[PDB]
């Protein structure tokens, strides 16, 4: 499935932090829209796991749906 999340990223370092947590999780194809504070993830990970992973950055995260 393809999931979209809102992630409260401020700048380049925030975009890097999101990339780092997702790279560590593995098994993800993602793209990060820093200006619009959005992250899109194609994966067979559960939405739960992806939400928990993004939250490791400490940024506010919510789910924008499939």
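Residue numbers count along the first chain shown, from 1.
Annotation for residue 14: CA B-factor lies in the middle third of the chain's modelled residues. Per-chain ranking of the deposited C-alpha B factor places residue 53 in the lowest third. Per the PDB record, residue ranking by Cα B-factor puts residue 7 in the lowest third of the chain.
In the deposited entry, the Cα temperature factor of residue 64 sits in the bottom third of values across the chain's modelled residues.
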